Amino acid sequence: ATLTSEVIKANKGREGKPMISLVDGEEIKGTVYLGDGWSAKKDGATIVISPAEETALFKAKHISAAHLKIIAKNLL
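Have a look at this one:
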């Protein structure tokens, strides 16, 4: 699959807030890895999330608990 390589390349560690869909190249301020394959879990005091996916050929992404607060603001 190219979803994992294609989506991560679009944005990686750039203050999750602005998301561009290379599908039609457009700025979507108010989305965070949404509409791609966002997946995460709560570890308690530190969230673990992979932008679009993770197949051993890529890596996870950290998120401070406070940063998790920013993601909710982005969607709504």
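For any residue, its number in the UniProt record's numbering is found by taking its place in the sequence shown, counting from 1, and adding 19. Yeah, the Cβ is synthetic: ideal placement off N, Cα and C, and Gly gets one too.
When the beta-carbon positions are compared, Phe77 and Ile39 stay at least 8 Å from each other. Residue pairing by DSSP places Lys61 opposite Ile66 in a beta bridge. By the Cβ-count criterion, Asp55 is buried, with 16 or more other Cβ atoms from all chains shown falling within 10 Å of its own Cβ. Where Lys88 is concerned, the enclosing alpha helix (DSSP H) starts and stops at 84 to 94.
Residue range 22 to 29 is occupied by the alpha helix (DSSP H) that includes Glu25.
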